[PDB]
Each structure stands twice: as structure tokens, then as C-alpha cells.
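Asker: Protein chains in written order, with PDB author numbering: chain A, 722 to 826, 855 to 1065; chain B, 919 to 1144; chain C, 574 to 620, 633 to 675, 689 to 721; chain D, 32 to 66, 81 to 95, 98 to 109, 115 to 121, 125 to 131, 167 to 172, 189 to 209, 216 to 242, 264 to 326. Using N, Cα and C, we set each Cβ at its ideal position, and we do this for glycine too.
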Ligand SMILES: *[C@@H]1O[C@H](CO)[C@@H](O[C@@H]2O[C@H](CO)[C@@H](O)[C@H](O)[C@H]2NC(C)=O)[C@H](O)[C@H]1NC(C)=O
Ligand SMILES: *[C@@H]1O[C@H](CO)[C@@H](O[C@@H]2O[C@H](CO)[C@@H](O)[C@H](O)[C@H]2NC(C)=O)[C@H](O)[C@H]1NC(C)=O
Ligand SMILES: *[C@@H]1O[C@H](CO)[C@@H](O[C@@H]2O[C@H](CO)[C@@H](O)[C@H](O)[C@H]2NC(C)=O)[C@H](O)[C@H]1NC(C)=O
Ligand SMILES: *[C@@H]1O[C@H](CO)[C@@H](O[C@@H]2O[C@H](CO)[C@@H](O)[C@H](O)[C@H]2NC(C)=O)[C@H](O)[C@H]1NC(C)=O
Ligand SMILES: *[C@@H]1O[C@H](CO)[C@@H](O[C@@H]2O[C@H](CO)[C@@H](O)[C@H](O)[C@H]2NC(C)=O)[C@H](O)[C@H]1NC(C)=O
Ligand SMILES: *[C@@H]1O[C@H](CO)[C@@H](O)[C@H](O)[C@H]1NC(C)=O
Ligand SMILES: *[C@@H]1O[C@H](CO)[C@@H](O)[C@H](O)[C@H]1NC(C)=O
Ligand SMILES: *[C@@H]1O[C@H](CO)[C@@H](O)[C@H](O)[C@H]1NC(C)=O
Ligand SMILES: *[C@@H]1O[C@H](CO)[C@@H](O)[C@H](O)[C@H]1NC(C)=O
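(1) To the nearest angstrom, how far is it from the Cα of residue 742/A to the Cα of residue 274/D?
(2) Could you work out which residues of chain C lie near residue 289/D, taking near to mean beta carbons separated by less than 8 Å?
(3) What residues come near ligand 6, if near means a beta carbon less than 7 Å from any of its heavy atoms?
(4) The alpha helix (DSSP H) that contains residue 1003/B, what's its start and end?
(5) Can you tell me whether residue 269/D is helix, strand or coil according to DSSP?
(6) With the cut-off set at 9 Å, would you say residue 999/A and residue 949/A are in Cβ contact?
(7) Going along the chain, which residues of its own chain have a beta-carbon closer than 8 Å to the beta-carbon of residue 1077/B, five neighbours each way excluded?
(8) Just to be sure I understand the criterion: a residue counts if its Cβ is closer than 5 Å to at least one heavy atom of ligand 1. Which residues meet that?
(9) With contact counted as at least three CB pairs below 8 Å, one residue from each stretch, are the stretch 293–300 of chain D and the stretch 598–615 of chain C in contact?
(10) Could you give the residue range of the beta strand (DSSP E) that holds residue 237/D?
(11) Grab me the residues of residue 1059/A's own chain with a C-beta within less than 7 Å of its C-beta, minus the 5 sequence neighbours each way, in chain order.
(12) In chain order, what residues of the same chain lie with their CB nearer than 6 Å to the CB of residue 663/C, ignoring the 5 residues before and after it?
(13) Please determine whether the Cβ atom of residue 1100/B lies at a distance below 8 Å from any heavy atom of ligand 3.
(14) With 16 other CB atoms within 10 Å as the buried threshold, where does residue 1/D fall?
(15) May I ask whether a heavy atom of ligand 5 can be found less than 8 Å away from the beta carbon of residue 626/C?
(16) Let me confirm a value: residue 209/D is counted as buried when at least 16 other C-beta atoms fall within 10 Å, else exposed. Which label applies?
(17) Residues near ligand 4, CB to any non-hydrogen atom under 7 Å, in chain order?
(18) If we count the other Cβ atoms within 10 Å of its Cβ and call it buried at 16 or more, is residue 590/C buried or exposed?
(19) Whole angstroms are fine: how far does the CA of residue 48/D sit from the CA of residue 58/D?
(20) By the criterion of Cβ-Cβ separation under 8 Å, what are the contact partners of residue 295/D in chain C?
(21) Let's see if you can read the secondary structure: which residues bound the alpha helix (DSSP H) around residue 770/A?
(22) If you measure between the beta carbons of residue 1031/B and residue 1019/B, is that distance less than 9 Å?
(23) Going along chain D in order, which residues have a C-beta closer than 7 Å to the C-beta of residue 737/A?
(24) Could you check what DSSP says for residue 933/A in three-state terms: helix, strand or coil?
(25) Considering only the beta carbon of each residue, do residue 724/A and residue 934/A sit closer than 9 Å?
(26) How would you list, in chain order, the residues of chain C whose beta-carbon sits under 7 Å from the beta-carbon of residue 796/A?
(27) Please report whether the beta-carbon of residue 618/C lies at a distance below 9 Å from any beta-carbon of chain D.
(28) Mind checking which residues open and close the beta strand (DSSP E) that includes residue 202/D?
(29) Does ligand 5 have even one heavy atom less than 8 Å from the beta-carbon of residue 926/B?
(30) Report the rounded CA-to-CA distance for residue 932/B versus residue 941/B, giving the unit in angstroms.
(31) Can you tell me whether residue 960/B is helix, strand or coil according to DSSP?
(32) For chain D, is any of its Cβ atoms less than 9 Å away from the one on residue 869/A?
(33) Would residue 270/D be called buried (16 or more neighbouring beta carbons within 10 Å of its own) or exposed?
(34) Using 9 Å as the threshold, is the C-beta distance between residue 989/B and residue 981/B below it?
(35) Using a Cβ distance threshold of 8 Å, determine whether the stretch 32–51 of chain D contacts the stretch 704–715 of chain C, with at least three qualifying pairs required.
(36) Relative to the C-alpha of residue 202/D, which candidate in 221/D, 226/D, 172/D has its C-alpha closest?
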């Protein structure tokens, strides 16, 4: 049993262009109108990014029609799924592994909330697990058809070229090896390793860019000050024109650089989310023949778990 | 079932035709590309009526009102303002072209693997079990028509992993053992078609006290009178 | 963010004023002319007169929503507001609800039962 | 209802949606009904009337423009000789009269410019000269709709209600279903310290 982590979405931001360039200064915002429509371009670009971030999450996680439930009598041939099934004693839908995963990882600048909450994403992953464990690969092609778990496991052995008496005659050994591998996953996440590094990199790259954008407001760009009220209290209007123009030019260049790098960075989070949608459909809802697409070895089955802005797959 | 299968296919093609000729619009992914590119060109054209700090946004009536010392002072403001807007247009066109290229690469992969073959990848060529697909052309796009098999009208049974007959464990060659309540049969997995359990459709492996859940029944031997 | 009074030498804090954004939820204008108005994150105690006061006031995690009737059903999402809340047009008015993820289902699992399909459908 | 829209300039336009920022009579305002009290001239006046009793007008702060009625104007110096709706503006030493008359109803109509009288006086009040209304102009922003013949057939007041501000942001008169960012808000400071 191995692990694969993928980024899915990123943080939805919006920047108020007029307030960033000159908040509460009508003699600056009258000079800004001589540049046409730069601020509406910048707002339209950032809004397109924010909508795409909800679409990525929909297409990775909402791949079931029903909300399937697992039965209260848990007799799966000796296989133990309790570390990855949800625990209702804690008040969320979140499972044990997913608790570990969530514990491991103003000048006009706001953050918009996501459409799907963490509870909704956890309910989707638990329906995917319950569907897999009780009905094989049949719920991904039609209606879910129940089958005993060892018989499911027998025809998955049959799909990698091994006859099914090998499964039925080594059943207790196979269940013990599965349970120990899940236990080792749980231990190495519970230790202090830096496992969620791909998810941490996205958060760091988005924090550095907002800090650079805020720090650019204290440059004076050739003007006598970088505070706009100091200029408006010291100078007459015909001489304050040429100082406010220098500040406006520098601040527009700062916003334009930020939005260009956000568009390039969102283009690669799309590709990551399209890959995670493909892995959900081909490794969780089916059994895959593609070499190394779902782990290392001959693929038997995969399970999903939710993470902050990401997804974790466990490949058996 | 050939006549039933042909009639279900013909009805589904007719419903595709109906939900396109009705005004429920579905070509939204193709209309978005057109709208975004038209909007970008309209923004680039409207940026020629800004004065960027100069006395006029028209260049002929700077050149007709001023002398070459202080006409260049006004012309440099318009030059920098118009370069910046051309630069912004070109950069966002290069970012949109890369997304259209990734979509065209996916479409070329699907033409190879769903039209020129049958695919085992789940949900790549539609929902269900993939049979075949047909291409149709569209303005700046392509439409695929995927044909899939969907199981219907399921029914409960009782099952077992193996059968014990003469101190030996019997397993299916290709299928599952099912019971209607009193008798035991063997059927294929995706369609109910029950048959008698003989030695031609099972194989034997070991004695019958290792398997969890084995069932006593009779395995028939087809060379009976000899 | 802090300063000292030049007369009483008191340390007194500076904080900015309210400042949100404003969004307008609409159906099509070939359907109605009613709107609802969302204010981005302002606690509804700080907030045009008809669409600024009155009844139909609801506090979401996205902000303050004025002009929509909060109900207790759950529907498919129609117009997304954020953090689970959607809006739709349904005597006709505008309603705000928690979105629903789909139909509830439970599979009849046991250790010796199987479902086999008996027919099929071409799609 | 929807009255008192004129032509802002003298540029021909056809089948466009131009945005205008000028002094207009806001939609659904309250106009006084008269049936001759001396009225003030705030910054611009809508006038209508509904025979042949209304002759002309008296202008000025008490030099005082006089328009009587055959049309003769006696601005006091200069003299000029050349349902009924009228618009008066006193902008930058000029005096712009916009007017149109028809066969208050709901129908939309636009007032064409009549004459400019570049006089440069001060006016704070006025009075009619013998069923007439008085509106007052506000700084607005409209969204006019021209046609194939280059005539205005519709407009939108971009500060009446939220749907109108949505229509002015999208620059259309039909709005699809959705959610749209339109503006910002900010509490103003109450006093200085
Ligand atoms: C499935 O695994 C869990 C965790 O390993 C088992 O729960 C443990 O059960 C023992 C008793 O045998 C307790 O002492 C531990 O404290 C339990 N751990 C936790 C985290 O609850 C569970 O019993 C296993 N299920 C089966 C059927 O064996
Ligand atoms: C197969 O058998 C199961 C078990 O009897 C059926 O599931 C029950 O269906 C009834 C209504 O038909 C429900 O009231 C019960 O709650 C279900 N039981 C459980 C445990 O979920 C199932 O409907 C049968 N399927 C078919 C196709 O006949
Ligand atoms: C299970 O299937 C068997 C098929 O062999 C059914 O047995 C047949 O039933 C019909 C009707 O009574 C008889 O005409 C046949 O002679 C029977 N065949 C045999 C070999 O006995 C049986 O009825 C089915 N049981 C149930 C509960 O459906
Ligand atoms: C399945 O058949 C076998 C073969 O008869 C049964 O095993 C023996 O059955 C006899 C009676 O028929 C008993 O006296 C023996 O003690 C059984 N053997 C053992 C090792 O217990 C077996 O019981 C049958 N299974 C079921 C569930 O009835
Ligand atoms: C399998 O499904 C098909 C499709 O529904 C069934 O065919 C229909 O049968 C009904 C009679 O109950 C007719 O009224 C319909 O006209 C048939 N449809 C078509 C397209 O021919 C078929 O009978 C089912 N087979 C079985 C064995 O139940
Ligand atoms: C299946 O579960 C039932 C409990 O309802 C039990 O009696 C039976 O022994 C189990 N069968 C197997 C093969 O474990
Ligand atoms: C809104 O303000 C009240 C105090 O009047 C406070 O109790 C409440 O926590 C605030 N809610 C939010 C969401 O800020
Ligand atoms: C909605 O549910 C709440 C329960 O928290 C209840 O108090 C309220 O009355 C319900 N609304 C209606 C209209 O019944
Ligand atoms: C424009 O005016 C002409 C009159 O010359 C008329 O025939 C035509 O119908 C008008 N167009 C529209 C759209 O009303």
C-alpha cells in the first residue's frame, strides 16, 4: 500500500483596483481614468481564476449520483477498514487518516470562500469508499450491485493473471498483510515527516506573491513621498499632478505583474486537477492495466482521502 | 437479441437529434472561446480613445496644433500607452493558445482510442461499458457520439465461492455460482444465463476444508454411460 | 495602527472603516425584475433603502444577504453564493438554501448475496 | 415616469449603446403640479404643459432674461427674433433650450435641441407667463439606446435600483441569470478632528 498526493485547487483572491492604486483620493481616481480600462481587465482576469477553482473541485470529487452508505455489520472477510471509514463520534464526517492530514499541513485584498465546504468534500469521499467496498466496480457503470468482498477480491486477482484459488486458499494471510500495510501508512503520517510537501508549496507560493504586492506600496517610484496624503497636504494641485502620476505608474506595473503570474500559476493547477480526475475514474472506479499509473506493482484497487486543497490516493 | 439491440440504437440516435433541434443550447464550450476572443479585440480597439495624460487622443490634431519641439512630448505619452496595451493583449493570447492546444491534444487522443478502437479506460469514452464511437464536425470543434452498454433490471441471488463434491473443491472457469433458492447453477457475471454445473465449466483444486464458505452440491460428469 | 495623543499622552488605536464588495443576484430579466443583494462579509448590523433594510435578512459565511427567503429544504444548486449556500427563483420569490449532494442510498450487503442484471440498455 | 431625456451632443450614432454622463431628470421623481408662484432655478428645469395660454417665461435672479410670445427674446443687452416639453440649462456662458411636443403618459420620447443663446447671466429663479409641471435636473449617468435611424428609443438610469446598475455594468438591457459584482461600499467619515 503506497500513497500519492496531488494538488486540486488554490486560494480565491480578489483585488479592488482603485482602492489599491489610490484608496480614498478622488483627485487620484480622476487621474486614473486617463488610462482607459485597465482595472476592469484585471478584475475580469481574477474573477475567471476564482470560478475555475470551484470547477476543478467539482470534477475531481463529484463523480457519484447517490450518497452510498456502508452497513453497520462490518464483515468484509477479515479486512479492516476502520482507519479510513468515517468516525461519527468526532462531530465531522472526517476519518482518522483525514484528521492526520488536516493537522499536518487591508488595501483592497480579499479572500473569497470556496463553494464546497470540507464537510461536503468528506461526504463525497465516504460515498466513494462505501460504493467501492460494497459493490466492486459496478456503481461506476450503472446501478450498484452488491457482492461479497472476498469474491470481489478473487476477480481482481483474476484480472492480473492469477487464478482465484490462490486468493481463497491464502485469504487469512492476505487480510493480515493488508491490515499491517494500512497500519504502517498511519504510523508514518503520525510521525513528523514532511509528507505533504506538494500541498505546502502552493500555499507558500501564493503567500509570497501577496506579500510582495503589499510591500510594493511603500516604494516612491521617483516621487517625493510614497504616502499620497502627504503629497496632497504639502503641494498645490498642478504640482501634485506630476507626483501622483509617478505613483500611479509604479502601482499599475505592480498589479499587472501579479495578475500575469497568477494566470500562469493557475494554468498548472488545472493540469494537476485534470490528472486527479483521471486517476479517480480509472484507479478508484475501475482496475487499471496501465503500468505505473496507479502505484507500483500490479494494481488491485485504490481508495481516496481528502486533504486541504488536494486529494490523497492509497493504492493497493 | 439483435432486433431489440438495433431498435434501442435507433431510438437513441433519434433522441440526440431531438435534443439538438430543440433550443436547449449545449454548444457552450464552443461559444465561450468565440466570446472571449471577441471581447479581447474590442478592449484593444477601445484603448485607442484614451489620452494617457496628453492633450488629445487623436494624433493628427496634435500634429496640426503643435511644433516639433513640444509635439514629441505629447507623442511619447501616447506611444507608451499604446505599447502597454498591445503587450497585454499578446500575453493573454499566448496564455489562451496553450489551453486550446491541450484541448486539441485530448481530442486527438480520443479520436485514436475511441473511434479507431475499443477502450478499457473507465469513463474515457462515455459512461457505461464502451462499445464504439462516431465523430461529427462542429465550428472550431468536434463532437463525439459514444455508444455504451448499460446493465438493467438486476435481481438478488445467493452465492458461494466454491462447491465441494468428492472431497474436492470446484471453482468456476468463468462465472459465479448462484442459487435460486433450491438449485445451484453457474452463470456469467454481467448477464443472467444459468447452466448446469458440469466438469466442463469448472476446475478442481485441493480438498474442501480450506475455503471459507464452501457448499456441498453435485458436479455432473458428461460421459455418463461409460 | 496606533498613536499617542499630543495632549493627554493616551495610547489609542487606529482601524479602517467597513469596505466590502457588492454583488447582485438575479434571475433572467425575461423571468422577473426582483433581485437580492449580497454584501461581502459585514455582519448585517452595518448596512438604496428597499434592498438595504426590511425583512429577508440572512447572515452567511460569505456575508450579508438581503432580499431572499431562507428555507429548510435542500435542492440542487442553481446560483452559487458560497460556503454551501445557493439561491434560486421559485407568489414567486427568491430563496436561499443549503445545497444537496444527491440522493441517499444504502446497498444490501451481506456475505452471501449477489445481484446479477437480467437485461440491458444501449446508450 | 420616463420623461425628460434629450440629445447630449450633435454626433450622429446608430445602433450603439452609448454611456452618457450629464445633468438629467431622474426617473420616477416627484414633479410639482401648478394650476404663478415664483420658482427657483436650481441648476436646470424640466417643464411641460397641457388652449394657448402659456406664453413665455421670465428668468434671472430678480440683468434678467425675458422670453415672450412671434418669438422674441430680450436678455437685458441683446435682442433676438426667430403637451409641450422643455428643458433649460445655463452652462458655461450659454443657454441651451431642448424641447419637443407631442400629440403624463408612459411613452418614451426624446427632446431635440432648439437653440443656444450664448449670454452668460446669473439665474437663481424663474416664473411662467400666462396646467404645468416643474422638475429639476440632477447629475446622473444614463445608457441610451439608438436605432437604425439614429434616434434614441430607450434609456437606463444607473442609480435608480440595483438591477439598473447591473444593466449598466454589463451594458445591455437583458440580463442572464447569475451573480454579478457591480460596486463597492464604504462608510464615510462623520466629522474631522
Ligand atoms: C480494526 O483496527 C482497529 C485499530 O487497529 C482495531 O481497534 C483496536 O482494538 C483493540 C482491541 O482489540 C483496542 O485495544 C485498540 O485500542 C483499538 N484501536 C483503536 C484505534 O480503536 C479494531 O478492533 C480492528 N477491528 C477488528 C474487527 O479487528
Ligand atoms: C435484494 O434484497 C434486499 C434485502 O431484502 C432488498 O433490500 C431491501 O429492499 C426493501 C424494499 O424493496 C427495503 O425496504 C429494505 O430496507 C432493503 N433492505 C436493505 C438491507 O437495504 C433489495 O431491494 C433486493 N433487491 C432486488 C433487486 O430485489
Ligand atoms: C429453481 O430452478 C429449478 C430449475 O431446475 C426449478 O425446478 C423446476 O421447476 C419447474 C416448475 O415446478 C419444474 O417443471 C421442473 O421440473 C423443475 N426442475 C427440476 C430439476 O426440479 C425450481 O422450481 C426453481 N426454484 C425456485 C424457488 O424458483
Ligand atoms: C458437506 O458434506 C460433507 C460430506 O458428507 C459433510 O461432512 C461430513 O458429514 C458427515 C455426515 O454426512 C459427518 O458425519 C461428518 O462428521 C462430516 N465431516 C466432518 C469433518 O465434520 C459436511 O458436514 C457437509 N456440510 C454441511 C454444512 O452440511
Ligand atoms: C428487456 O428490456 C426491453 C426494453 O424495455 C424490453 O422490451 C420492451 O418490452 C415491453 C413489454 O413489456 C414492450 O412494451 C416494449 O415495446 C419493449 N421495448 C422495445 C424497445 O422493444 C424487453 O422485453 C426486456 N426483456 C425481458 C426478458 O424482460
Ligand atoms: C455470514 O454471516 C452470517 C451472519 O449473518 C454468519 O452466520 C455466517 O457464518 C457468515 N458466513 C461466512 C462464510 O462467514
Ligand atoms: C456580529 O456582531 C455581533 C455583535 O453585535 C457579534 O456578537 C457577532 O459575533 C458578529 N458576527 C460576525 C460574523 O462577525
Ligand atoms: C427551519 O429550521 C429551524 C431549525 O433550526 C427552525 O427553527 C425554523 O422554524 C425552520 N423554518 C421554518 C420556516 O419552519
Ligand atoms: C426609420 O425611418 C424610416 C423613415 O424614413 C422608416 O421607414 C423606418 O421604418 C424607420 N426604421 C425603424 C426601425 O423604425
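Answerer: According to the structure shown:
(1) For the purposes of this step, residue 742/A is taken as residue 21 along the first chain, with counting starting at 1. For the purposes of this step, residue 274/D is taken as residue 141 along the fourth chain, with counting starting at 1. Whole-angstrom Cα-Cα distance: 24 Å.
(2) The count along the fourth chain starts at 1 and reaches residue 289/D at position 156. The premise fails here: residue 289/D is roughly 12 Å from chain C at the closest Cβ pair, so nothing lies under 8 Å.
(3) Residues lining ligand 6 by the Cβ criterion, that is a Cβ closer than 7 Å to any of its heavy atoms, are 796/A, 1130/B, 1131/B, 708/C, 709/C, 710/C in chain order.
(4) In the second chain, counting from the first residue as 1, residue 1003/B sits at position 85. Per DSSP, residue 1003/B belongs to the alpha helix (DSSP H) from 986–1028.
(5) Here residue 269/D corresponds to residue number 136 of the fourth chain, with the count starting at 1. Note: residue 269/D maps to coil in three-state DSSP.
(6) The residue labelled residue 999/A in the question sits at position 250 within the first chain. The residue labelled residue 949/A in the question sits at position 200 within the first chain. No, the Cβ-Cβ distance between residue 999/A and residue 949/A is not below 9 Å.
(7) As a working note, residue 1077/B is residue 159 in the second chain. Correct list, in chain order: 1094, 1095, 1096, 1097.
(8) 801/A, 803/A
(9) yes
(10) By 1-based counting over the fourth chain, the position of residue 237/D is 125. 237–241 is the extent of the beta strand (DSSP E) around residue 237/D.
(11) By one-based count along the first chain, residue 1059/A stands at place 310. Excluding sequence neighbours, residue 1059/A sits near 726, 727, 728, 729, 948.
(12) Start at 1 with the first residue of the third chain, and residue 663/C comes out as number 78. Cβ within range, chain order: 671, 673.
(13) By one-based count along the second chain, residue 1100/B stands at place 182. True, at least one ligand heavy atom lies under 8 Å from that Cβ.
(14) Outside the displayed range of chain D (32 to 326) lies residue 1/D, so it cannot be described from this structure.
(15) The residue list of chain C ends a segment at 620 and starts the next at 633, so residue 626/C has no coordinates to report.
(16) Within the fourth chain, the letter at position 103 stands for residue 209/D. Looking at its Cβ environment, which holds fewer than 16 other Cβ atoms inside 10 Å, residue 209/D is exposed.
(17) 1082/B, 1134/B
(18) If you number the third chain from 1, residue 590/C lands on position 17. Its Cβ having fewer than 16 others within 10 Å, residue 590/C is exposed.
(19) Within the fourth chain, the letter at position 27 stands for residue 58/D. Within the fourth chain, the letter at position 17 stands for residue 48/D. Their backbone Cα atoms lie some 19 Å apart in a straight line.
(20) Reading the fourth chain from its first residue, position 162 is the one you call residue 295/D. Ordered by position in chain C, the residues that pass the 8 Å Cβ test against residue 295/D are 597, 608, 610, 633, 636.
(21) For the purposes of this step, residue 770/A is taken as the residue at position 49 of the first chain. That run of the alpha helix (DSSP H) goes 760–782.
(22) Walking along the second chain from the start, residue 1031/B turns up at place 113. Walking along the second chain from the start, residue 1019/B turns up at place 101. No. Outside cutoff.
(23) The count along the first chain starts at 1 and reaches residue 737/A at position 16. Under the 7 Å cutoff, chain D gives 317.
(24) Position 184 of the first chain, counting from 1, holds the residue named residue 933/A. Residue state, collapsed to three classes: helix.
(25) Position 3 of the first chain, counted from the first residue, corresponds to residue 724/A. Position 185 of the first chain, counted from the first residue, corresponds to residue 934/A. Yes.
(26) Here residue 796/A corresponds to residue number 75 of the first chain, with the count starting at 1. Those are 709, listed as they occur along chain C.
(27) Stepping through the third chain from its first residue, residue 618/C is reached at position 45. With 9 Å as the cut-off, residue 618/C does not count as an interface residue toward chain D.
(28) Working through the fourth chain from its first residue, we reach residue 202/D at position 96. Residue 202/D -> beta strand (DSSP E) spans 202–207.
(29) Looking up residue 926/B in the second chain gives position 8. Checking the Cβ of residue 926/B against ligand 5 gives yes.
(30) Here residue 932/B refers to the residue found at position 14 of the second chain. Here residue 941/B refers to the residue found at position 23 of the second chain. Using only the alpha carbons, I get a separation of about 16 Å.
(31) For the purposes of this step, residue 960/B is taken as residue 42 along the second chain, with counting starting at 1. Three-state DSSP puts residue 960/B in a helix.
(32) On the first chain, residue 869/A is found 120 positions in, with the first residue counted as 1. No, no contact with chain D.
(33) Position 137 of the fourth chain, counted from the start, is the residue given in the question as residue 270/D. Buried.
(34) In the second chain, the residue the question calls residue 989/B occupies position 71. In the second chain, the residue the question calls residue 981/B occupies position 63. Their beta carbons are under 9 Å apart, which means residue 989/B touches residue 981/B by this criterion.
(35) no
(36) As a working mapping, residue 202/D is identified with position 96 in the fourth chain. If we check each option's Cα against that of residue 202/D, 226/D comes out closest.
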